[PDB]
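What follows is each chain in one-letter form.
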Amino acid sequence: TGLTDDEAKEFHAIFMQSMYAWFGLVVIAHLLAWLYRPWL
Amino acid sequence: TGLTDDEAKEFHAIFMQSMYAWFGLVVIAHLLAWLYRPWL
Amino acid sequence: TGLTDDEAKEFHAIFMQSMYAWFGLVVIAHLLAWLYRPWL
Amino acid sequence: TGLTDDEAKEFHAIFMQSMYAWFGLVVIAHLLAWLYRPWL
Amino acid sequence: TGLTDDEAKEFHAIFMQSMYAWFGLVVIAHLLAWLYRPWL
Amino acid sequence: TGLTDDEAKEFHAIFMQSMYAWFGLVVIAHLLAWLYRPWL
Amino acid sequence: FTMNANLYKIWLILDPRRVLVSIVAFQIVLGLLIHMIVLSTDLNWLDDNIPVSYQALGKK
Amino acid sequence: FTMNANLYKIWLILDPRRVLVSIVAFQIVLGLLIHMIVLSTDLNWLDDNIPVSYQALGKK
Amino acid sequence: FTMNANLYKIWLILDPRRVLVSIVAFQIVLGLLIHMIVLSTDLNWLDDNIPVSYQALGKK
Amino acid sequence: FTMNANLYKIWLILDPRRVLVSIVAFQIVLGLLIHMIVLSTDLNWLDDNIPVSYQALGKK
Amino acid sequence: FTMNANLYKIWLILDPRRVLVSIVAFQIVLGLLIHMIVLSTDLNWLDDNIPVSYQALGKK
Amino acid sequence: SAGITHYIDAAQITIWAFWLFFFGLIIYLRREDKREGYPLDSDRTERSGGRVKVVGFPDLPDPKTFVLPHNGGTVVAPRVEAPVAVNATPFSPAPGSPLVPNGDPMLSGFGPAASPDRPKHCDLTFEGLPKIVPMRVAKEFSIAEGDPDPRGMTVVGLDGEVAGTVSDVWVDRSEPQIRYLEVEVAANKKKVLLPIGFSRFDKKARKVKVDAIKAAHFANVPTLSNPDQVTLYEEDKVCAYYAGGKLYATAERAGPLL
Amino acid sequence: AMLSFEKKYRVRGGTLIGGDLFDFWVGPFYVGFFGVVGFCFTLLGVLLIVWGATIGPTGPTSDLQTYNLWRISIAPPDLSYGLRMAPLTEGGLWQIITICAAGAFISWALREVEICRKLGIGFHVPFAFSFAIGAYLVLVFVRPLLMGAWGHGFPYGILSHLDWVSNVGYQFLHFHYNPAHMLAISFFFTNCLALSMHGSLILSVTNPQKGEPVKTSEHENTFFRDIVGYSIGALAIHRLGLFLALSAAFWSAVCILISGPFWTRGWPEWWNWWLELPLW
Amino acid sequence: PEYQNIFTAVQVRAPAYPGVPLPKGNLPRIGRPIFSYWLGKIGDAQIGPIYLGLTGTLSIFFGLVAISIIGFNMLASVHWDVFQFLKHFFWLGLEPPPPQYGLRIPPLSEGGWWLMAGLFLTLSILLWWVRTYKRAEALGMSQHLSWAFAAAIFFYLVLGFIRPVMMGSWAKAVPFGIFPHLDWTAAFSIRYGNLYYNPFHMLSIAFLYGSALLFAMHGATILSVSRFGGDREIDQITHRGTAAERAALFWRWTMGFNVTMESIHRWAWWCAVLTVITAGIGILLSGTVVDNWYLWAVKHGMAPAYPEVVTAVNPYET
Ligand code: BCL
Ligand code: BCL
Ligand code: BCL
Ligand code: BCL
Ligand code: BCL
Ligand SMILES: CC[C@H]1c2cc3[nH]c4c(c3C)C(=O)[C@H](C(=O)OC)c4c3nc(cc4[nH]c(cc(n2)[C@@H]1C)c(C(C)=O)c4C)[C@@H](C)[C@@H]3CCC(=O)OC/C=C(\C)CCC[C@H](C)CCC[C@H](C)CCCC(C)C
Ligand SMILES: CC[C@H]1c2cc3[nH]c4c(c3C)C(=O)[C@H](C(=O)OC)c4c3nc(cc4[nH]c(cc(n2)[C@@H]1C)c(C(C)=O)c4C)[C@@H](C)[C@@H]3CCC(=O)OC/C=C(\C)CCC[C@H](C)CCC[C@H](C)CCCC(C)C
Ligand SMILES: CC(C)=CCC/C(C)=C/CC/C(C)=C\CC/C(C)=C\CC/C(C)=C/CC/C(C)=C/CC/C(C)=C/CC/C(C)=C/CC1=C(C)C(=O)c2ccccc2C1=O
Ligand SMILES: COC1=C(OC)C(=O)C(C/C=C(\C)CC/C=C(\C)CC/C=C(\C)CC/C=C(\C)CC/C=C(\C)CC/C=C(\C)CC/C=C(\C)CCC=C(C)C)=C(C)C1=O
Ligand SMILES: COC(C)(C)C/C=C/C(C)=C/C=C/C(C)=C/C=C/C(C)=C/C=C\C=C(C)\C=C\C=C(C)\C=C\C=C(C)\C=C\CC(C)(C)OC
Ligand SMILES: [Fe+3]
Ligand SMILES: [Sr+2]
Ligand SMILES: [Sr+2]
Ligand SMILES: [Sr+2]
Ligand SMILES: [Sr+2]
Ligand SMILES: [Sr+2]
Ligand SMILES: [Sr+2]
Ligand SMILES: [Sr+2]
């Protein structure tokens, strides 16, 4: 898969953080959205 | 299928835990959904 | 089908028990379903 | 991508502040738009 | 690609002032346009 | 690229006044046009 | 699970990978099919107003 | 141990990369599908006016 | 256990570049899709005329 | 400005030339689209008679 | 402290001739474009009957 | 006021978007169109010594590299190709005038007989065995049940005269079919290739007509640097010769008719 | 100007007519005697469509006169004129423009022919072209003749001719039931399919994934054999596509040839022969 | 006289080809080949083997289910009289849920078979999509087909699912029947005031005509340069020959410009994908955006005016 075993630790580290960051952005947007106009 | 017996036990192990985690998320959704909105 | 007589003992053993497990689940779903909403 | 590790710090730095520059210009124009004409 | 680091500082310079000249001509045009015929 | 540094001075020089000769014919015609037929 | 013959020999006859793919497929098709048939019948369990009505608890 | 006590062997028979990515696709589509299914029944949550009709709030 | 513990190894299995760009598309399209879903339902936020209507804002 | 810190390594994976041009395109396009969205809604600013009607500057 | 101070190097990555010609065309097109956009809406400046009606070289 | 009909509807602007995407598409396709034959040949270029390389609108696209499989090479497009003299002379010195072939028209290698210089290597099977080889090199091949075996038919030219006889059949090892007929020529018993495209069968007579050239011309068929395989260079070379005969092989194909 | 490999083929001779008289090039176009006849036919044709646009159906000052491209339209004479030449300003013009169009397409075809003779290539293209020329002729020559009047031809205007198609189509009530129409439509659709498949293929093999080399004939056959258990092969796919598109043109020509001259009733009614066989 | 390369006049056989080999993961191939002297009369005589994976099996599976609902339903409409079924088959069809139901999942007897057949058909087409992307990857190739199939899928989806959902009514999708679906087409144009004045449908028509034009031209070309092995387009693309030269020149001398062995395949490719893509856009704006295209054309001044020589008084206005 043309990576080394260490750059699957590294990449993974970066990935986890970035995705969790996006998810942060999303949960933020939806709580605000719930605030202005709840859908459930 | 180019794998050794250790890399299908290992694969199976991680697969099983990952799969169970997703499935966990599933029952989570089904409980929130069941409380605010029962279907049965 | 390129098998020796022994991996037709093994594949068959695992196949058979797994299928009976699936059949088990089915029996489960049909009993749950029969209790909550009879169609008969 | 035929880059060295030092020359992707560079691209990243310039890219990031510039990208953020655009984000700014947009936040400005959108506040201007918001003042002159609210959509929510 | 294939400029010296010096002739793209130069190129960037001339590009920048020239582009700004264009923006000037346009803002000229937009202000007259705003004057003869308000649109907002 | 396929000119000397002296004949793009020469070319540019001849070019600009030629261009303005054109701009002149135009602003003239538009003056004529504006006099017989004002539009705003 | 009570003896049968030499009915393991089926795997000297039928490729285990293909039977696997076939069962996975067929079972998936049948699953969706019956679910939609039941959803297309009187026995529907969704558009029933079960257990509390949803189109008149918000259009009002 | 009466249970599939060698069921790791499946990853000796079926290519895991394929199976995994395949599974992801399958779940994303089924998710999409049933989402539309719920959207087509009494259980809908969008064309509902929940919690207050917006097509008739507004001043104006 | 809720924990993965060896899931860095997934990139020993799946091309990271491809996985990344794949996610980019799937997210940008899904964004477009659902945006369009909300724009077509009661929860709409553009054609509301809230808090003041612009399409009947002039007498002229 | 990443915001910290080895997220520069991302240009070790995705060609900077390609990412740049891609974004340029995506934005140059999206702009046109949303512009059109605004042109068909409450936020329209051209065929409004704003701030004074222009086809009623004479007749037609 | 920031970093928009190495923003000339763009001409080491993106061909200047190309960027120039691109911007040139893109602009001429955008111009023709917008002109037509406004010309199809109320802000029109051709069919306004301004400042002296010409089909009014009579009783029109 | 709830009726202000807008003159602009989504249909207008979708027709606008379309035309813009269109123009960019057209332009782009014309760029892939100049990966060969360009820049053009004028005496605009020669007069200016070359300072006017002719490319038109749009312009030429950055080269693209084809990586041939099997230690084969690498090709680029657009490329810089070495000029090659024209084996003919201007019918008129005025530009746009056609040229007359020099010498014996079938030999000229000008006109319907012209052809480029393709590699002097062979096209290969997937495996890497000479794709086009004779049935004598390709053991497996076999006529299809119910088809006259060409092997042994008489090859006959355009005027009637016997030309030779089918000594073998060349086949595609990649897409199994008859590509070339082999011809033991009568006048010198040398073996030549004959493209299938030039050959008509007369199954009831076991003849293989050839309108292309005269029976005699078969003597000058361009030759193979090995009787058990053929190179890309040699195929063009073989065919173009026969093709020349379509305008040359007779003192009448030159046209007119009136 | 010439391609970087063109001079070596620009031979003298090969005409049908003209010989050295018009045996020359202009830019990249070949002239030839038929390029001259063609250009003349063409130029007069277009210049007359310009005059028709200039005059309009009721005179240059009336409101129906127009230079708008969607609406300029030159229509045939009324049926009252039959096969006679009708006055110029009453569809005569349309007749002459038609004669010019037929002559121009035929010159064009013959000039492609001289070009095959020069280059020494098969004449598959102008033969194939001749199918479009044929369809055009049934739509202006054959049908209106069989129908005793030239007015049955379609008008030359971008949308007005679409209107011709529409009302002619509707005289038979539900044209879709025209069986030749059903054929021609089938070919037009399938042609569009094979073309997308060939197109896709060539481009999928000569440019494969990075890390892979130009692909092979073996790949080609293996992919479509993988997908649909069959591959018609490289030569033949070029053969099929030619078959589909020429046939699509054919059946369009016949489907319109039978709509009038050989069938007057609605088209669905044609299918009656099937409901009445003595089987049911 | 000269062979036209229409009919292979003398064929040859060789042991069948199982094909270029696939990587691990890509399952075995099935079936073992045969030759048809007659396919052979015009093309590769080899028939199969075929590839069938999870994808391929789930697609053949869904697709045949969908084919059964449509068919069985048609036999039901004639009372299980296979004779009558045979007699009116062309006219038989499975109509869509009625409007009364909106987008709700309807009862078996009122449209539910259509929604199920529509459902299963779509899943099966999109599975065949995935199939061609897999089969195209196993060969290292590119997804050019998949980008086209994806376009035709686009039109399909616009026709039977997207426009319907947008219009809030399953009755707006197309019914499964030959004559029924022809009628659906005509009614569609009628309902929205003549589709001829729909710009997108005009473009789609220019592009359908263009697929016939380009493939006929190119195809005739490749045959005319078949003599020089122009059919062997791959190597004429890597290593230009006199076939690609005579080819580019025929057109150059004819219409003043030309393309290349590689680029014609792009003009053709792009022209086909365009048909379906204008086409789908065309159905997308109907009812969603425009309700009467002729009127639309008048509002944009595109509809021609003819002297009104025949006219009728409006009773609704008396
Ligand atoms: C909407 C109401 C107003 C309107 C308001 C505006 C406004 C507002 C603007 C214009 C502007 C423009 N208008 Mg106006 N305009 C109207 C009516 C008209 C009419 C008409 C028939 O009535 C015309 C012909 C025009 C014409 C135009 C163009 C002259 C100009 C846009 C430049 C451009 O797009 O090119 C593309 C431009 C460039 C690529 C950069 C310019 C450089 C030139 C093209 C040289 C290119 C460089 C090239 C490499 C050659 C090198 C040169 C030498 C090296 C020196 N307007 C209506 C009446 N118009 C715009 C402008 O800037 O003009 C001042 C502008 O902002
Ligand atoms: C009409 C009466 C009941 C109904 C009665 C039943 C009955 C009875 C059964 C199901 C079964 C299924 N039902 Mg139910 N079900 C109803 C309402 C629902 C609803 C809903 C939105 O309301 C949903 C989402 C489902 C969903 C499901 C699936 C989770 C499940 C497995 C079949 C399958 O995967 O198909 C396609 C895929 C396959 C068939 C896979 C075959 C492949 C391998 C061999 C099996 C592995 C599958 C997977 C691991 C099993 C997942 C679920 C496990 C049981 C926990 N049901 C209605 C209300 N349902 C079945 C089940 O539970 O499993 C026993 C079953 O027998
Ligand atoms: C009633 C509905 C609400 C609504 C509620 C929400 C909610 C709720 C959400 C959004 C979110 C989004 N909304 Mg909203 N939204 C509404 C009205 C609008 C309007 C409008 C015309 O009015 C617009 C333009 C938008 C626009 C958008 C997008 C900005 C955004 C989704 C991004 C995406 O697709 O992922 C694709 C984008 C990315 C993957 C990130 C871009 C990454 C760049 C290219 C990478 C830079 C390089 C990087 C530093 C290093 C490389 C990293 C890797 C490449 C990743 N909304 C209305 C008001 N909107 C979503 C959001 O916030 O984002 C999640 C969200 O959760
Ligand atoms: C009106 C409603 C009826 C109907 C009525 C008709 C009628 C009536 C006709 C068709 C015709 C046809 N219809 Mg219909 N048709 C219906 C619905 C459809 C549908 C559909 C999805 O519903 C489809 C796909 C079609 C498609 C078709 C084809 C089967 C056929 C047109 C091809 C053709 O003529 O080739 C022929 C191609 C040519 C004639 C072009 C020839 C080119 C010439 C030689 C050169 C042109 C040169 C020119 C100068 C080029 C310009 C270049 C400039 C120099 C730059 N119809 C509807 C239901 N249809 C027409 C037909 O049958 O064809 C005769 C016909 O008469
Ligand atoms: C009835 C009179 C109306 C008419 C109404 C319509 C309508 C309505 C439509 C067209 C459509 C089109 N019309 Mg029309 N059309 C008219 C007259 C014409 C004329 C002519 C000469 O007059 C022509 C040339 C055309 C031309 C065409 C084509 C250009 C275009 C569709 C291309 C196509 O095949 O898509 C078809 C290709 C596909 C649908 C994709 C196929 C792929 C699918 C997924 C294959 C799956 C295969 C399946 C799984 C295999 C198993 C089988 C199962 C049993 C199902 N029309 C007149 C004006 N026309 C389209 C359009 O314009 O919309 C704006 C359309 O939908
Ligand atoms: C027969 C199968 C398909 C086909 C094949 C085909 N067409 C061909 C060829 C081939 C093989 C050529 O080699 C030849 C060509 O040059 O390739 C583009 C041609 C051709 N395909 C063209 C047209 C064409 N083919 C079409 C269709 C078809 N042609 C079928 C799809 C269509 C349509 C309706 O779909 C058109 C419009 C031309 C670009 C070209 C031939 C060009 C030509 O002959 O030029 C000489 C004539 C002029 C330049 C104009 C003459 C001036 C006239 C007096 C004025 C116009 C009068 C006209 C009757 C008015 C109609 C107005 C319309 C708006 C209604
Ligand atoms: C540029 C747009 C054109 C286009 C493109 C296009 N079409 C395409 C593609 C593309 C790019 C594909 O990739 C795909 C293809 O596979 O190409 C050959 C396809 C396709 N084009 C086809 C149809 C099609 N496309 C059409 C149109 C068009 N498609 C446009 C002209 C048309 C029209 C309108 O005329 C049709 C009819 C299909 C062959 C194919 C999609 C096939 C598919 O999706 O399959 C779905 C399901 C089935 C076929 C069910 C399987 C039934 C089996 C045939 C029976 C075998 C049974 C066996 C005996 C097993 C045992 C059974 C057991 C259950 C007992
Ligand atoms: C007073 C007086 C003297 C008048 C002045 C004269 C004037 C006005 C001068 C202007 C001159 C100019 C500007 C132009 C002349 C105009 C002429 C005569 C008319 C053009 C007619 C013409 C046929 C135009 C048609 C244009 C179009 C789009 C045609 C459709 C065909 C198509 C889609 C085109 C692109 C694709 C092409 C060309 C493919 C051909 C092609 C194919 C098909 C292959 O298979 C192949 C295989 C291997 C190598 C190459 C090729 C290849 O080139
Ligand atoms: C590299 O090249 C490529 C390959 O090679 C490897 C491929 O294999 C492939 C894969 C291609 C395939 C597997 C091809 C599949 C073919 C398809 C989908 C086309 C479908 C066509 C049909 C089902 C046939 C329909 C037609 C019939 C059944 C016969 C009909 C007979 C009729 C109507 C009566 C005959 C008479 C007429 C039509 C009237 C007269 C005819 C004319 C005037 C036309 C003239 C034709 C010629 C050829 C000169 C591709 C894409 C490729 O690009
Ligand atoms: C006796 O016969 C035996 C063998 C049993 C079987 C014979 C069968 C036969 C002969 C069948 C013949 C069938 C024919 C000829 C069918 C013809 C069909 C045609 C010509 C159709 C033409 C157009 C149809 C279209 C465009 C249909 C489009 C429908 C769509 C796109 C439906 C989409 C539906 C979806 C995706 C469903 C979603 C469900 C959700 C999830 C939303 O529900 C909650
Ligand atoms: Fe081709
Ligand atoms: Sr609800
Ligand atoms: Sr609202
Ligand atoms: Sr407003
Ligand atoms: Sr005005
Ligand atoms: Sr005036
Ligand atoms: Sr006038
Ligand atoms: Sr009877």
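The coordinates are above.
Residues numbered from 1 in each chain as written, not as in the entry; some residues may be left out. Chains lettered and ligands numbered in written order. Part of a larger assembly, values for the part shown. Heavy atoms only, no water. Residues with missing side-chain atoms left out of burial classes, pairs and counts.

(A) Examining the side chain of M:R71 more closely. Locating M:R71 in the fold gives a position in the loop between α1 (33-55) and β3 (73-74). It turns out M:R71 is buried and unbridged, and the closest side chain with the opposite charge, M:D63, is 7.6 Å from it. Not counting the four nearest positions on each side in its chain, M:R71 is found in contact with M:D63, M:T66, N:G301, N:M302, N:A303, N:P304 and N:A305. (Helix = DSSP H or I, 4+ residues; strand = E, 2+ residues; numbered from the N terminus. Buried < 20%, exposed > 50% of the residue type's maximum accessible area, 1.4 Å probe, protein only. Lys, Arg positive; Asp, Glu negative; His and termini not counted. Salt bridge = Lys/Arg side-chain N within 4 Å of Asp/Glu carboxyl O. Contact = heavy atoms within 4.5 Å.)

(B) Up close: the coordination of the iron ion (ligand 11). For the iron ion (ligand 11), the full set of protein donor atoms is M:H198 (NE2), M:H238 (NE2), N:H218 (NE2), N:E233 (OE), N:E233 (OE) and N:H265 (NE2), at a range of 1.8 to 2.6 Å. Classification of the site at the iron ion (ligand 11) as irregular follows from its six donor atoms and the range of 56 to 154° in their angles at the metal. Within this pair, whereas M:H198 is found in helix α5 (residues 179-205), its partner N:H218 is found in helix α7 (residues 199-224), the two belonging to separate chains. (Donors = N, O, S within 2.8 Å, 3.2 Å for Na, K, Ca; no water. Tetrahedral: all angles 85-135°; square planar, octahedral: opposite > 155°, others 65-115°.)

(C) Spotlight on a negative patch on the surface. Residues B:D5, B:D6, B:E7 and B:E10 make up a contiguous surface patch of negative charge. Within the secondary structure layout, B:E10 lies in helix α1 (residues 6-36). (Patch = residues over 30% accessible without salt bridge, like charges linked within 9 Å, V, L, I, M, F, W, Y side chains within 5 Å. Areas by Shrake-Rupley, 256 points an atom, 1.4 Å probe, with all protein chains shown as cover. Charge placed at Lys NZ, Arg CZ, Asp CG, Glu CD.)

(D) Representation of the site of ligand 3 in the model. Contacts to ligand 3 come from 13 residues, most closely from A:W22, A:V26, A:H30, I:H35 and I:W45. With respect to ligand 3, the side chain of I:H35 contributes an N or O atom lying 2.8 Å from a nitrogen atom. Of all the secondary structure elements, the ones that give two or more residues to the shell around ligand 3 are α1 (7-36) of chain A together with α1 (16-39) of chain I. The residue inventory of the shell around ligand 3, partitioned by class, reads 10 nonpolar, three polar and no charged. (Near = heavy atom within 4 Å. Polar contact = N/O pair within 3.5 Å; in protein donor to acceptor, adjacent residues only side chain to side chain. Nonpolar A, V, L, I, M, F, W, Y, C, P; charged D, E, K, R; others polar.)

(E) Structural context of the site of ligand 5. As a structural note, the neighbourhood of ligand 5 is formed by 24 residues, with M:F189, N:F155, N:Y196, N:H201 and N:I283 the closest of them. Each of chains M and N places residues near ligand 5. One nitrogen or oxygen atom from the side chain of N:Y196 is found 3.0 Å from an oxygen atom belonging to ligand 5. Contact distances for ligand 5 include 2.4 Å between an oxygen atom and a side-chain N or O atom of N:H201. Broken down by secondary-structure element, the contributors of at least two residues to the shell around ligand 5 are α4 (112-137), α5 (144-167), α6 (178-191), α7 and α10 (264-285) of chain N.

(F) Summary view of the environment of L:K237. Residues and elements named next belong to chain L. As for its position among the elements, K237 is in helix α4 (residues 232-244). On the basis of relative accessible area, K237 is assigned to the partly exposed category, the value being 22%. Spatially, the C-alpha atom of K237 lies 8.5 Å from that of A114, the residues being 123 residues apart in sequence. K237 has contacts with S115, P116, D117 and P222, leaving out every residue within four places of it along the chain.

(G) Structural view of the interface of chain M and chain N. With 94 residues of chain M at the interface, the matching set in chain N holds 102 residues. In total, chain M and chain N occlude about 8900 Å² of area from one another, counting both sides; carbon and sulfur atoms represent 68% of this. Across the contact surface, chain M and chain N share four salt bridges. One salt bridge in this structure joins N:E245 and M:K8, with 3.1 Å as the shortest N-O distance. Linking chain M to chain N there are 46 residue pairs in polar contact. Elements supplying a minimum of two residues to the side of chain M that touches chain N: β2 (29-30), α2 (92-119), α3 (124-146), α4 (160-170), α5, α6 (217-228), α7 (234-258) and α8 (272-275) of chain M. (Buried area = accessible area lost by both parts, 1.4 Å probe.)

(H) Spatial organisation of empty space enclosed by the protein. Taken as a whole, the largest cavity spans an internal volume of roughly 250 Å³. For the largest cavity, the lining is made up of 19 residues, of which L:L68, L:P69, L:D123, L:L124 and L:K131 are closest to its centre. Among the elements that take part in the lining of the largest cavity, helix α8 (residues 233-238) of chain N stands out by supplying three residues, more than any other. Grouping the constituent residues of the lining of the largest cavity by class yields seven nonpolar, eight polar and four charged. Lining the second largest cavity are 22 residues, and of these L:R35, L:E36, N:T260, N:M261 and N:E262 lie nearest its centre. When residues of the lining of the second largest cavity are traced back to their parent elements, those giving at least two are β1 (64-66) of chain L together with α8 and α9 (242-255) of chain N. Each residue belonging to the lining of the second largest cavity can be placed in one class, and the counts come to nine nonpolar, five polar and eight charged. (1 Å grid on protein atoms, 1.4 Å probe; cavity = no way out; pocket = protein on both sides within 12 Å on 5 of 7 lines; lining within 4 Å. Points joined across faces, edges and corners; volume = space filled by probe spheres on them.)

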